[PDB]
Amino acid sequence: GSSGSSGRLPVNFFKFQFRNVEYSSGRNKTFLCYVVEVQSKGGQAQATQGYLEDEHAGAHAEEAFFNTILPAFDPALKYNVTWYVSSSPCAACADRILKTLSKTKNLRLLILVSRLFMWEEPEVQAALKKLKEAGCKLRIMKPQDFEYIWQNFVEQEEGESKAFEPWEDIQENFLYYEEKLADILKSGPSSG
Ligand SMILES: [Zn+2]
């Protein structure tokens, strides 16, 4: 939560904040965007938005969500949650997340990551699977999703208007991380 005024971040800052890239040494704190869309047999729907802050020692940005953002959900409505981040949830972050999907059906939780993290640990594999086995939705944060999160979850200068256009690689990077996220879901037999 830690809400205040707006539910997005100013480009002037995000530019030096979201810059946290593998090809860049020096990180401060990453923000996790969440979008929940509920519905009642067609008619009234409640849409929520905002970023969460990871706790140095307690609840990771991911948890902070269900901690205040989505505390409870009605089995009579269709909740549509969406997470837009760059770093994948740790074996613990994806935990409290799977425990929610294994109980809530009408609730559709979604999470994207432009880059896979700790996707080589024997603990994260079994911690990320449950998500795919519980009903969670995992997808490599495509270069097309950013735009929205850049024009919505991010405030643009006044009068001006830009657009995050990754001229470096749209697929090359996707396919790369794509095999990573899936890998955990697909493990080879031990015959060595
Ligand atoms: Zn975490």
# chains A, B, ... in the order shown; residues from 1 in each chain; ligands from 1
$ residues_around --residues "residue 64 of chain A" --least-positions-apart "2" --cutoff "10 Å" --atoms "only C-alpha atoms" --output "ChimeraX atom specification"
/A:1-2,32,51-55,58-62,66-71,93
$ residues_around --residues "residue 171 of chain A" --least-positions-apart "4" --cutoff "10 Å" --atoms "only C-alpha atoms" --output "list in words"
residues 142, 143, 175, 176, 177 and 178 of chain A
$ write_last_selection --atoms "C-alpha atoms" --output "tab-separated table (two decimals), in the first residue's frame"
chain	number	residue	atom	x	y	z
A	142	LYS	CA	6.57	-8.37	-23.26
A	143	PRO	CA	7.90	-5.06	-24.67
A	175	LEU	CA	12.28	-15.76	-26.18
A	176	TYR	CA	15.36	-15.76	-23.95
A	177	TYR	CA	13.47	-15.18	-20.70
A	178	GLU	CA	10.61	-17.27	-22.08
$ select_by_dssp --residues "segment 23-191 of chain A" --states "strand (DSSP E)" --output "mmCIF file with N, CA, C and O atoms, in the first residue's frame"
data_model
loop_
_atom_site.group_PDB
_atom_site.id
_atom_site.type_symbol
_atom_site.label_atom_id
_atom_site.label_comp_id
_atom_site.auth_asym_id
_atom_site.auth_seq_id
_atom_site.Cartn_x
_atom_site.Cartn_y
_atom_site.Cartn_z
ATOM 1 N N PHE A 31 9.532 -1.086 -7.910
ATOM 2 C CA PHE A 31 8.112 -1.009 -7.590
ATOM 3 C C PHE A 31 7.318 -2.038 -8.389
ATOM 4 O O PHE A 31 7.631 -2.320 -9.547
ATOM 5 N N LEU A 32 6.288 -2.597 -7.763
ATOM 6 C CA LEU A 32 5.447 -3.596 -8.414
ATOM 7 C C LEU A 32 4.040 -3.055 -8.647
ATOM 8 O O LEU A 32 3.324 -2.732 -7.699
ATOM 9 N N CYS A 33 3.651 -2.961 -9.914
ATOM 10 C CA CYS A 33 2.328 -2.461 -10.272
ATOM 11 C C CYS A 33 1.283 -3.568 -10.176
ATOM 12 O O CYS A 33 1.541 -4.712 -10.550
ATOM 13 N N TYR A 34 0.105 -3.220 -9.671
ATOM 14 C CA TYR A 34 -0.977 -4.185 -9.522
ATOM 15 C C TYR A 34 -2.290 -3.620 -10.058
ATOM 16 O O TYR A 34 -2.647 -2.476 -9.776
ATOM 17 N N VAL A 35 -3.003 -4.430 -10.833
ATOM 18 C CA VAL A 35 -4.276 -4.014 -11.408
ATOM 19 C C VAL A 35 -5.352 -5.071 -11.186
ATOM 20 O O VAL A 35 -5.343 -6.124 -11.822
ATOM 21 N N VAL A 36 -6.279 -4.782 -10.277
ATOM 22 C CA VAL A 36 -7.364 -5.707 -9.971
ATOM 23 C C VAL A 36 -8.679 -5.230 -10.573
ATOM 24 O O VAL A 36 -9.095 -4.092 -10.358
ATOM 25 N N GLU A 37 -9.331 -6.108 -11.330
ATOM 26 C CA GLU A 37 -10.600 -5.775 -11.964
ATOM 27 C C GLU A 37 -11.674 -6.798 -11.604
ATOM 28 O O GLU A 37 -11.645 -7.936 -12.074
ATOM 29 N N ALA A 47 -12.252 -1.475 -10.220
ATOM 30 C CA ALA A 47 -10.885 -1.500 -10.730
ATOM 31 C C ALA A 47 -9.934 -0.774 -9.786
ATOM 32 O O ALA A 47 -10.202 0.349 -9.360
ATOM 33 N N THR A 48 -8.820 -1.424 -9.461
ATOM 34 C CA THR A 48 -7.829 -0.841 -8.565
ATOM 35 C C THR A 48 -6.459 -0.775 -9.229
ATOM 36 O O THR A 48 -6.174 -1.529 -10.160
ATOM 37 N N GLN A 49 -5.614 0.131 -8.746
ATOM 38 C CA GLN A 49 -4.274 0.295 -9.295
ATOM 39 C C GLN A 49 -3.336 0.916 -8.265
ATOM 40 O O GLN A 49 -3.775 1.627 -7.361
ATOM 41 N N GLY A 50 -2.043 0.644 -8.408
ATOM 42 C CA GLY A 50 -1.064 1.184 -7.484
ATOM 43 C C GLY A 50 0.191 0.338 -7.407
ATOM 44 O O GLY A 50 0.204 -0.807 -7.859
ATOM 45 N N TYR A 51 1.248 0.901 -6.834
ATOM 46 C CA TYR A 51 2.516 0.192 -6.703
ATOM 47 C C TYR A 51 2.794 -0.162 -5.246
ATOM 48 O O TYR A 51 2.317 0.508 -4.329
ATOM 49 N N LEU A 52 3.570 -1.220 -5.039
ATOM 50 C CA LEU A 52 3.915 -1.666 -3.693
ATOM 51 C C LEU A 52 5.416 -1.552 -3.449
ATOM 52 O O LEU A 52 6.212 -1.609 -4.386
ATOM 53 N N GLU A 53 5.795 -1.394 -2.185
ATOM 54 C CA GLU A 53 7.203 -1.273 -1.819
ATOM 55 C C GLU A 53 7.667 -2.499 -1.038
ATOM 56 O O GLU A 53 7.072 -2.865 -0.025
ATOM 57 N N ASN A 80 -9.826 -9.601 -11.567
ATOM 58 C CA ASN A 80 -8.756 -9.711 -12.551
ATOM 59 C C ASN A 80 -7.511 -8.962 -12.089
ATOM 60 O O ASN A 80 -7.373 -7.761 -12.324
ATOM 61 N N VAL A 81 -6.605 -9.678 -11.431
ATOM 62 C CA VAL A 81 -5.371 -9.081 -10.937
ATOM 63 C C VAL A 81 -4.267 -9.152 -11.986
ATOM 64 O O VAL A 81 -4.161 -10.129 -12.728
ATOM 65 N N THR A 82 -3.445 -8.109 -12.044
ATOM 66 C CA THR A 82 -2.349 -8.051 -13.004
ATOM 67 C C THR A 82 -1.112 -7.410 -12.387
ATOM 68 O O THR A 82 -1.180 -6.308 -11.841
ATOM 69 N N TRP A 83 0.017 -8.104 -12.479
ATOM 70 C CA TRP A 83 1.270 -7.600 -11.930
ATOM 71 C C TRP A 83 2.279 -7.327 -13.040
ATOM 72 O O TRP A 83 2.565 -8.200 -13.860
ATOM 73 N N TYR A 84 2.817 -6.113 -13.059
ATOM 74 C CA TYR A 84 3.792 -5.724 -14.070
ATOM 75 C C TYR A 84 5.122 -5.342 -13.426
ATOM 76 O O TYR A 84 5.293 -4.223 -12.944
ATOM 77 N N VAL A 85 6.062 -6.282 -13.423
ATOM 78 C CA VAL A 85 7.377 -6.045 -12.840
ATOM 79 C C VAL A 85 8.482 -6.587 -13.740
ATOM 80 O O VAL A 85 8.213 -7.154 -14.798
ATOM 81 N N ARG A 108 -8.533 -14.232 -11.107
ATOM 82 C CA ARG A 108 -7.505 -14.496 -12.107
ATOM 83 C C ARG A 108 -6.264 -13.648 -11.847
ATOM 84 O O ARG A 108 -6.218 -12.469 -12.202
ATOM 85 N N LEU A 109 -5.258 -14.257 -11.226
ATOM 86 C CA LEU A 109 -4.015 -13.558 -10.919
ATOM 87 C C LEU A 109 -3.034 -13.654 -12.083
ATOM 88 O O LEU A 109 -2.821 -14.732 -12.641
ATOM 89 N N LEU A 110 -2.438 -12.522 -12.442
ATOM 90 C CA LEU A 110 -1.476 -12.480 -13.538
ATOM 91 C C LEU A 110 -0.199 -11.762 -13.115
ATOM 92 O O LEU A 110 -0.245 -10.779 -12.373
ATOM 93 N N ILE A 111 0.938 -12.257 -13.591
ATOM 94 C CA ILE A 111 2.227 -11.660 -13.264
ATOM 95 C C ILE A 111 3.196 -11.767 -14.436
ATOM 96 O O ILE A 111 3.328 -12.826 -15.053
ATOM 97 N N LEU A 112 3.873 -10.665 -14.740
ATOM 98 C CA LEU A 112 4.832 -10.635 -15.839
ATOM 99 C C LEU A 112 6.195 -10.149 -15.357
ATOM 100 O O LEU A 112 6.288 -9.348 -14.427
ATOM 101 N N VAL A 113 7.252 -10.640 -15.998
ATOM 102 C CA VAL A 113 8.611 -10.255 -15.637
ATOM 103 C C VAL A 113 9.499 -10.153 -16.873
ATOM 104 O O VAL A 113 9.744 -11.145 -17.558
ATOM 105 N N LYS A 137 -1.033 -17.038 -13.704
ATOM 106 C CA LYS A 137 -0.651 -16.718 -15.074
ATOM 107 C C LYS A 137 0.723 -16.056 -15.115
ATOM 108 O O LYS A 137 0.897 -14.933 -14.641
ATOM 109 N N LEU A 138 1.695 -16.757 -15.688
ATOM 110 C CA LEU A 138 3.055 -16.237 -15.793
ATOM 111 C C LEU A 138 3.445 -16.026 -17.252
ATOM 112 O O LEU A 138 3.258 -16.910 -18.089
ATOM 113 N N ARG A 139 3.991 -14.852 -17.549
ATOM 114 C CA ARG A 139 4.409 -14.525 -18.907
ATOM 115 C C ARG A 139 5.555 -13.518 -18.896
ATOM 116 O O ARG A 139 5.569 -12.590 -18.088
ATOM 117 N N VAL A 154 2.932 5.268 -15.184
ATOM 118 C CA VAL A 154 4.000 6.260 -15.224
ATOM 119 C C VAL A 154 3.492 7.592 -15.764
ATOM 120 O O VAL A 154 2.853 7.644 -16.814
ATOM 121 N N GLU A 155 3.783 8.667 -15.040
ATOM 122 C CA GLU A 155 3.356 10.002 -15.446
ATOM 123 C C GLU A 155 4.328 10.599 -16.459
ATOM 124 O O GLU A 155 5.539 10.619 -16.234
#
$ closest_residue --among "A:141, A:92, A:56, A:65" --to "residue 3 of chain A" --atoms "only C-alpha atoms"
A:65
$ residues_around --residues "residue 43 of chain A" --least-positions-apart "5" --cutoff "12 Å" --atoms "only C-alpha atoms" --output "list in words"
residues 38, 77 and 78 of chain A
$ residues_around --residues "residue 40 of chain A" --least-positions-apart "4" --cutoff "10 Å" --atoms "only C-alpha atoms" --output "JSON, numbers by chain"
{"A": [44, 45, 46, 74, 75, 76, 77, 78, 79]}
$ select_by_dssp --residues "segment 17-180 of chain A" --states "alpha helix (DSSP H)" --output "PyMOL selection string"
chain A and resi 17+61-64+93-101+124-134+143-151+172-180
$ residues_around --residues "segment 181-190 of chain A" --least-positions-apart "6" --cutoff "12 Å" --atoms "only C-alpha atoms" --output "MDAnalysis selection string"
chainID A and resid 87:89 91 111:133 137:141 174:175
$ closest_residue --among "A:18, A:28, A:96, A:8" --to "ligand 1" --atoms "only C-alpha atoms and all ligand atoms"
A:96
$ closest_residue --among "A:169, A:16, A:94, A:23" --to "ligand 1" --atoms "only C-alpha atoms and all ligand atoms"
A:94
$ closest_residue --among "A:102, A:30, A:39, A:156" --to "ligand 1" --atoms "only C-alpha atoms and all ligand atoms"
A:30
$ closest_residue --among "A:165, A:4, A:97, A:144" --to "ligand 1" --atoms "only C-alpha atoms and all ligand atoms"
A:97
$ closest_residue --among "A:57, A:42, A:22, A:5" --to "ligand 1" --atoms "only C-alpha atoms and all ligand atoms"
A:57
$ atom_distance --atom1 "atom CA of residue 134 of chain A" --atom2 "atom CA of residue 98 of chain A"
6.3 Å
$ decode --residues "segment 62-73 of chain A" --atoms "N, CA and C atoms" --output "tab-separated table (two decimals), in the first residue's frame"
chain	number	residue	atom	x	y	z
A	62	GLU	N	5.55	-8.07	-3.57
A	62	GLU	CA	4.52	-8.99	-4.02
A	62	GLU	C	3.48	-9.23	-2.93
A	63	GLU	N	3.95	-9.60	-1.74
A	63	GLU	CA	3.06	-9.86	-0.62
A	63	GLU	C	2.27	-8.61	-0.25
A	64	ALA	N	2.98	-7.49	-0.10
A	64	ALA	CA	2.34	-6.23	0.25
A	64	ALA	C	1.01	-6.07	-0.47
A	65	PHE	N	0.88	-6.72	-1.62
A	65	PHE	CA	-0.35	-6.65	-2.40
A	65	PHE	C	-1.53	-7.23	-1.62
A	66	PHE	N	-1.56	-8.55	-1.51
A	66	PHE	CA	-2.63	-9.23	-0.79
A	66	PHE	C	-2.67	-8.80	0.67
A	67	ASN	N	-1.65	-8.06	1.09
A	67	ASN	CA	-1.56	-7.58	2.46
A	67	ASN	C	-2.52	-6.42	2.70
A	68	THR	N	-2.64	-5.54	1.70
A	68	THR	CA	-3.52	-4.39	1.80
A	68	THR	C	-4.34	-4.21	0.52
A	69	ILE	N	-3.69	-4.41	-0.62
A	69	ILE	CA	-4.36	-4.28	-1.91
A	69	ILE	C	-5.56	-5.22	-2.01
A	70	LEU	N	-5.28	-6.51	-2.17
A	70	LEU	CA	-6.33	-7.51	-2.27
A	70	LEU	C	-6.40	-8.36	-1.01
A	71	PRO	N	-6.98	-7.79	0.06
A	71	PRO	CA	-7.13	-8.47	1.35
A	71	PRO	C	-8.14	-9.60	1.29
A	72	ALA	N	-9.25	-9.36	0.59
A	72	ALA	CA	-10.30	-10.37	0.46
A	72	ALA	C	-10.99	-10.26	-0.90
A	73	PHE	N	-11.62	-11.35	-1.33
A	73	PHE	CA	-12.32	-11.38	-2.61
A	73	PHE	C	-13.60	-12.19	-2.51
